[PDB]
Structures are given as C-alpha cells and as structure tokens.
$ cat data-v5.cif   # mmCIF, C-alpha atoms
data_start
loop_
_atom_site.group_PDB
_atom_site.id
_atom_site.type_symbol
_atom_site.label_atom_id
_atom_site.label_comp_id
_atom_site.auth_asym_id
_atom_site.auth_seq_id
_atom_site.Cartn_x
_atom_site.Cartn_y
_atom_site.Cartn_z
ATOM 1 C CA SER A 771 141.082 89.671 106.882
ATOM 2 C CA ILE A 772 139.814 91.351 110.034
ATOM 3 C CA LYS A 773 138.572 94.178 107.932
ATOM 4 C CA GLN A 774 137.091 91.694 105.499
ATOM 5 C CA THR A 775 135.405 90.100 108.433
ATOM 6 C CA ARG A 776 133.960 93.160 110.013
ATOM 7 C CA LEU A 777 132.905 94.472 106.668
ATOM 8 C CA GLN A 778 131.252 91.174 105.877
ATOM 9 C CA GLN A 779 129.280 90.975 108.992
ATOM 10 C CA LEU A 780 128.225 94.556 109.079
ATOM 11 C CA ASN A 781 126.993 93.947 105.550
ATOM 12 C CA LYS A 782 124.753 91.172 106.664
ATOM 13 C CA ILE A 783 123.739 92.038 109.996
ATOM 14 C CA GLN A 784 122.917 95.590 109.173
ATOM 15 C CA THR A 785 121.224 94.562 105.972
ATOM 16 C CA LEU A 786 119.131 92.142 107.809
ATOM 17 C CA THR A 787 118.450 94.181 110.834
ATOM 18 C CA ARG A 788 116.930 96.618 108.438
ATOM 19 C CA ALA A 789 115.270 94.009 106.223
ATOM 20 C CA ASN A 790 113.874 92.290 109.229
ATOM 21 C CA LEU A 791 112.321 95.381 110.681
ATOM 22 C CA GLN A 792 110.414 95.771 107.494
ATOM 23 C CA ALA A 793 109.392 92.125 107.233
ATOM 24 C CA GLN A 794 108.519 92.214 110.853
ATOM 25 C CA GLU A 795 106.552 95.345 110.508
ATOM 26 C CA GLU A 796 104.041 93.531 108.413
ATOM 27 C CA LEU A 797 103.953 90.586 110.716
ATOM 28 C CA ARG A 798 103.611 92.541 113.909
ATOM 29 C CA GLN A 799 101.207 95.199 112.846
ATOM 30 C CA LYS A 800 98.634 92.560 111.906
ATOM 31 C CA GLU A 801 99.070 91.095 115.346
ATOM 32 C CA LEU A 802 97.342 93.825 117.172
ATOM 33 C CA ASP A 803 94.880 95.070 114.661
ATOM 34 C CA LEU A 804 93.223 91.977 113.357
ATOM 35 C CA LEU A 805 91.743 91.148 116.690
ATOM 36 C CA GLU A 806 91.122 94.624 117.945
ATOM 37 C CA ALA A 807 89.334 95.305 114.717
ATOM 38 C CA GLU A 808 87.151 92.249 115.136
ATOM 39 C CA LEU A 809 86.230 93.298 118.624
ATOM 40 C CA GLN A 810 85.344 96.773 117.575
ATOM 41 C CA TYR A 811 83.584 95.701 114.464
ATOM 42 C CA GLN A 812 81.497 93.021 116.090
ATOM 43 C CA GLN A 813 80.647 95.537 118.836
ATOM 44 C CA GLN A 814 78.474 97.262 116.211
ATOM 45 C CA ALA A 815 75.840 94.734 117.121
ATOM 46 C CA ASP A 816 75.371 96.744 120.308
ATOM 47 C CA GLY A 817 75.569 100.059 118.524
ATOM 48 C CA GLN A 818 72.757 98.817 116.300
#
$ encode --input "data-v5.cif" --output "structure tokens"
Amino acid sequence: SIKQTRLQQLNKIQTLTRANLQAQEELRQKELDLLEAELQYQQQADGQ
C-alpha cells in the first residue's frame, strides 16, 4: 500500500508537473510578448 501510494502520487504529480509546464508555457510566454510587441510595434510611428 505504501508502494501503491508512492507510485500513485509520483504518477500524478510528475505527470502534472510536466503537463503543467507545457500548459504554463503557453500562458506565460504570451505574458511578456504581447505587451512588449505592442510597445515595439507602436513605436514604428516614431520610426516613420
């Protein structure tokens, strides 16, 4: 039962740690780039 237990949680927590990094990657990458991109793109008004 202890083995069942540790097996069971490694199987979730590891699955999810990994799944979550990937889900999070989408969520976090957009966090920095949407706004930086708007700053840099709107800045073209000066470049013009």
$ atom_distance --input "data-v5.cif" --atom1 "CA of residue 792 in chain A" --atom2 "CA of residue 807 in chain A"
22.3 Å
$ atom_distance --input "data-v5.cif" --atom1 "CA of residue 773 in chain A" --atom2 "CA of residue 786 in chain A"
19.5 Å
$ atom_distance --input "data-v5.cif" --atom1 "CA of residue 784 in chain A" --atom2 "CA of residue 796 in chain A"
19.0 Å
$ axis_aligned_box --input "data-v5.cif" --around "range 774-792 of chain A" --padding-each-side "8 Å" --output "JSON"
{"center_x": 123.8, "center_y": 93.4, "center_z": 108.2, "size_x": 42.7, "size_y": 22.5, "size_z": 21.3}
$ build_atoms --input "data-v5.cif" --residues "range 783-816 of chain A" --atoms "N, CA and C atoms" --output "PDB file, keeping the file's coordinate frame"
ATOM      1  N   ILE A 783     124.495  92.112 108.784  1.00  0.00           N
ATOM      2  CA  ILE A 783     123.739  92.038 109.996  1.00  0.00           C
ATOM      3  C   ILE A 783     122.955  93.299 109.936  1.00  0.00           C
ATOM      4  N   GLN A 784     123.561  94.317 109.335  1.00  0.00           N
ATOM      5  CA  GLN A 784     122.917  95.590 109.173  1.00  0.00           C
ATOM      6  C   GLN A 784     121.883  95.468 108.089  1.00  0.00           C
ATOM      7  N   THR A 785     122.167  94.669 107.061  1.00  0.00           N
ATOM      8  CA  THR A 785     121.224  94.562 105.972  1.00  0.00           C
ATOM      9  C   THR A 785     119.992  93.935 106.485  1.00  0.00           C
ATOM     10  N   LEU A 786     120.197  92.909 107.276  1.00  0.00           N
ATOM     11  CA  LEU A 786     119.131  92.142 107.809  1.00  0.00           C
ATOM     12  C   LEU A 786     118.463  92.805 108.946  1.00  0.00           C
ATOM     13  N   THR A 787     119.165  93.545 109.768  1.00  0.00           N
ATOM     14  CA  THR A 787     118.450  94.181 110.834  1.00  0.00           C
ATOM     15  C   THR A 787     117.426  95.063 110.159  1.00  0.00           C
ATOM     16  N   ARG A 788     117.854  95.773 109.129  1.00  0.00           N
ATOM     17  CA  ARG A 788     116.930  96.618 108.438  1.00  0.00           C
ATOM     18  C   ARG A 788     115.851  95.826 107.693  1.00  0.00           C
ATOM     19  N   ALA A 789     116.243  94.770 106.984  1.00  0.00           N
ATOM     20  CA  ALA A 789     115.270  94.009 106.223  1.00  0.00           C
ATOM     21  C   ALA A 789     114.238  93.381 107.113  1.00  0.00           C
ATOM     22  N   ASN A 790     114.689  92.953 108.269  1.00  0.00           N
ATOM     23  CA  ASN A 790     113.874  92.290 109.229  1.00  0.00           C
ATOM     24  C   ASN A 790     112.925  93.235 109.890  1.00  0.00           C
ATOM     25  N   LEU A 791     113.289  94.496 110.072  1.00  0.00           N
ATOM     26  CA  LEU A 791     112.321  95.381 110.681  1.00  0.00           C
ATOM     27  C   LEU A 791     111.177  95.535 109.743  1.00  0.00           C
ATOM     28  N   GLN A 792     111.474  95.611 108.459  1.00  0.00           N
ATOM     29  CA  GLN A 792     110.414  95.771 107.494  1.00  0.00           C
ATOM     30  C   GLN A 792     109.557  94.508 107.354  1.00  0.00           C
ATOM     31  N   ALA A 793     110.187  93.337 107.332  1.00  0.00           N
ATOM     32  CA  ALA A 793     109.392  92.125 107.233  1.00  0.00           C
ATOM     33  C   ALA A 793     108.554  91.972 108.477  1.00  0.00           C
ATOM     34  N   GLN A 794     109.168  92.306 109.599  1.00  0.00           N
ATOM     35  CA  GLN A 794     108.519  92.214 110.853  1.00  0.00           C
ATOM     36  C   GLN A 794     107.440  93.214 110.954  1.00  0.00           C
ATOM     37  N   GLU A 795     107.604  94.386 110.367  1.00  0.00           N
ATOM     38  CA  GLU A 795     106.552  95.345 110.508  1.00  0.00           C
ATOM     39  C   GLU A 795     105.263  94.766 109.989  1.00  0.00           C
ATOM     40  N   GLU A 796     105.305  94.073 108.861  1.00  0.00           N
ATOM     41  CA  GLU A 796     104.041  93.531 108.413  1.00  0.00           C
ATOM     42  C   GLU A 796     103.486  92.529 109.397  1.00  0.00           C
ATOM     43  N   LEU A 797     104.360  91.661 109.856  1.00  0.00           N
ATOM     44  CA  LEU A 797     103.953  90.586 110.716  1.00  0.00           C
ATOM     45  C   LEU A 797     103.433  91.039 112.053  1.00  0.00           C
ATOM     46  N   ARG A 798     104.042  92.062 112.618  1.00  0.00           N
ATOM     47  CA  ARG A 798     103.611  92.541 113.909  1.00  0.00           C
ATOM     48  C   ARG A 798     102.423  93.468 113.822  1.00  0.00           C
ATOM     49  N   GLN A 799     102.308  94.275 112.792  1.00  0.00           N
ATOM     50  CA  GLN A 799     101.207  95.199 112.846  1.00  0.00           C
ATOM     51  C   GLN A 799      99.879  94.462 112.828  1.00  0.00           C
ATOM     52  N   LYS A 800      99.828  93.382 112.043  1.00  0.00           N
ATOM     53  CA  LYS A 800      98.634  92.560 111.906  1.00  0.00           C
ATOM     54  C   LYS A 800      98.249  91.892 113.207  1.00  0.00           C
ATOM     55  N   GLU A 801      99.220  91.769 114.096  1.00  0.00           N
ATOM     56  CA  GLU A 801      99.070  91.095 115.346  1.00  0.00           C
ATOM     57  C   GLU A 801      98.148  91.830 116.253  1.00  0.00           C
ATOM     58  N   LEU A 802      98.191  93.138 116.242  1.00  0.00           N
ATOM     59  CA  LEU A 802      97.342  93.825 117.172  1.00  0.00           C
ATOM     60  C   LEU A 802      96.019  94.172 116.553  1.00  0.00           C
ATOM     61  N   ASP A 803      96.069  94.580 115.300  1.00  0.00           N
ATOM     62  CA  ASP A 803      94.880  95.070 114.661  1.00  0.00           C
ATOM     63  C   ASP A 803      93.906  94.037 114.172  1.00  0.00           C
ATOM     64  N   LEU A 804      94.303  92.835 113.797  1.00  0.00           N
ATOM     65  CA  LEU A 804      93.223  91.977 113.357  1.00  0.00           C
ATOM     66  C   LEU A 804      92.205  91.721 114.450  1.00  0.00           C
ATOM     67  N   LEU A 805      92.677  91.461 115.647  1.00  0.00           N
ATOM     68  CA  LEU A 805      91.743  91.148 116.690  1.00  0.00           C
ATOM     69  C   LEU A 805      91.076  92.368 117.247  1.00  0.00           C
ATOM     70  N   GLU A 806      91.795  93.488 117.363  1.00  0.00           N
ATOM     71  CA  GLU A 806      91.122  94.624 117.945  1.00  0.00           C
ATOM     72  C   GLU A 806      90.027  95.023 116.991  1.00  0.00           C
ATOM     73  N   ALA A 807      90.316  94.955 115.693  1.00  0.00           N
ATOM     74  CA  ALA A 807      89.334  95.305 114.717  1.00  0.00           C
ATOM     75  C   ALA A 807      88.147  94.372 114.802  1.00  0.00           C
ATOM     76  N   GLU A 808      88.343  93.069 115.005  1.00  0.00           N
ATOM     77  CA  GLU A 808      87.151  92.249 115.136  1.00  0.00           C
ATOM     78  C   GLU A 808      86.358  92.607 116.369  1.00  0.00           C
ATOM     79  N   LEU A 809      87.014  92.939 117.464  1.00  0.00           N
ATOM     80  CA  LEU A 809      86.230  93.298 118.624  1.00  0.00           C
ATOM     81  C   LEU A 809      85.397  94.517 118.352  1.00  0.00           C
ATOM     82  N   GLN A 810      86.029  95.531 117.789  1.00  0.00           N
ATOM     83  CA  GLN A 810      85.344  96.773 117.575  1.00  0.00           C
ATOM     84  C   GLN A 810      84.318  96.675 116.489  1.00  0.00           C
ATOM     85  N   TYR A 811      84.541  95.816 115.522  1.00  0.00           N
ATOM     86  CA  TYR A 811      83.584  95.701 114.464  1.00  0.00           C
ATOM     87  C   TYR A 811      82.403  94.881 114.909  1.00  0.00           C
ATOM     88  N   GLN A 812      82.623  93.835 115.686  1.00  0.00           N
ATOM     89  CA  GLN A 812      81.497  93.021 116.090  1.00  0.00           C
ATOM     90  C   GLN A 812      80.647  93.753 117.105  1.00  0.00           C
ATOM     91  N   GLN A 813      81.267  94.679 117.839  1.00  0.00           N
ATOM     92  CA  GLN A 813      80.647  95.537 118.836  1.00  0.00           C
ATOM     93  C   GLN A 813      79.515  96.352 118.232  1.00  0.00           C
ATOM     94  N   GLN A 814      79.499  96.500 116.901  1.00  0.00           N
ATOM     95  CA  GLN A 814      78.474  97.262 116.211  1.00  0.00           C
ATOM     96  C   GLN A 814      77.125  96.657 116.489  1.00  0.00           C
ATOM     97  N   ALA A 815      77.088  95.374 116.836  1.00  0.00           N
ATOM     98  CA  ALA A 815      75.840  94.734 117.121  1.00  0.00           C
ATOM     99  C   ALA A 815      75.168  95.458 118.258  1.00  0.00           C
ATOM    100  N   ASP A 816      75.948  95.996 119.211  1.00  0.00           N
ATOM    101  CA  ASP A 816      75.371  96.744 120.308  1.00  0.00           C
ATOM    102  C   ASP A 816      74.985  98.115 119.831  1.00  0.00           C
TER     103      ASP A 816
END
